[PDB]
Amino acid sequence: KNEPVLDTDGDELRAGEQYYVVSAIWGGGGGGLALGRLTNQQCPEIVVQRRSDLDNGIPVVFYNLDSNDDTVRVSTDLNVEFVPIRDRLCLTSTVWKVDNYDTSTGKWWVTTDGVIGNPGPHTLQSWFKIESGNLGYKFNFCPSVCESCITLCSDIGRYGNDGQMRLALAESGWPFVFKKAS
């Protein structure tokens, strides 16, 4: 099988365990990932990166394709879900998913209201991979859960949008590391 993803302690990532997704860069790297909103949309919430290094954001859990695999490995399709500490107003899910194309910017943003499990055409937009990079791990959207589906296939970068640093498909991915939220 593929190499396990490791956290900042060097331990292998476990499916269902909570991790902050924090910038790999030390010095001007920013904080962790979390939830935000847009001017014209309160729900679903979008994925943003904190500007402050002090703020690790909201933890995520990862779920594997097969719930009998407890280890999170590189280059395998996963679900990603924020675990907010307090209840949220939005009724949409906090599962990551690729958004519909944004004609105002030309970007495919990462949003939420994704779905956990049921790999196939219905959930195609909710499957992400974690890949090794030079500066740290990167997310990649290139699902293999529906062989006959036509799909985008691209690393996940970061881009500013109306004062918030969002995640979007990009040629080169932004590097992250994973820190135990325990």
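Start at 1 and count along the sequence shown; that's the residue number.
Relative to one another, 146-154 and 44-52 have unequal mean CA B-factors, and 146-154 is the one with the higher figure. With 68-76 and 90-98 compared on mean CA B-factor from the PDB entry, the stretch scoring higher is 68-76.
Among the modelled residues of its chain, residue 174 has a C-alpha B-factor that falls in the highest third according to the deposited record. When the modelled residues of the chain are ordered by their C-alpha B factor, residue 141 lands in the lowest third.
Among the modelled residues of its chain, residue 28 has a C-alpha B-factor that falls in the highest third according to the deposited record. Among the modelled residues of its chain, residue 125 has a C-alpha B-factor that falls in the lowest third, as given in the PDB entry. The entry lists a Cα temperature factor for residue 115 that places it in the middle third of the chain's modelled residues.
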